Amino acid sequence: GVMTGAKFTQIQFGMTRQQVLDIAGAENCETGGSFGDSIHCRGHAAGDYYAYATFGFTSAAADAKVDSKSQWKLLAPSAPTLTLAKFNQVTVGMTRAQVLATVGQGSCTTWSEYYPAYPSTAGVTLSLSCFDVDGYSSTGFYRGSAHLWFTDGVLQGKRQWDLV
């Protein structure tokens, strides 16, 4: 099959390029072009492209390790409960734990997650996509969602579209 959320979850930070391809299925994946030395794996048709993952590595070397995981429409929120009111309760400067308790522990999926000093977590950057009860779709247009981004575990900004 194509790239999936289960495959994305099975792939871990620190795995090699070939470990990524073992799990993802190299028939789904590419490198080069617009993706540089990252590995980009397509899932099902969605929107004007495909659900996908992009994996970044510590270097171009054949045995470099995953230091970056990004995905679009591979993961559904486990219990979306975000509202406009909860979004307005989030404040720049909050820690990740404070944000998740505010928006709901099941409301978000990880959009991008990057460790520039991998295996160290210093400088980690994180983008969460968070959804109201029916805002997520694995194929079509979001119906109520937010982008929350962090550096070193501290919320640096927030944006939302169509929350109520």
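Residues carry their position along the shown sequence, with the first being 1.
In this crystal structure, the stretch out of 16-24 and 136-144 whose C-alpha atoms carry the higher mean B factor is 136-144. 126-134 and 30-38 differ in mean CA B-factor, and the higher of the two is recorded for 126-134. The PDB entry assigns its highest CA temperature factor, among 99, 53, 61, 66, to 61.
The PDB entry gives the largest Cα B-factor of the residues 104, 43, 47, 119 to 104. Residue-level temperature factors show residue 75 in the middle third of its chain, judged at the C-alpha atom. Per the PDB record, residue ranking by Cα B-factor puts residue 6 in the lowest third of the chain.
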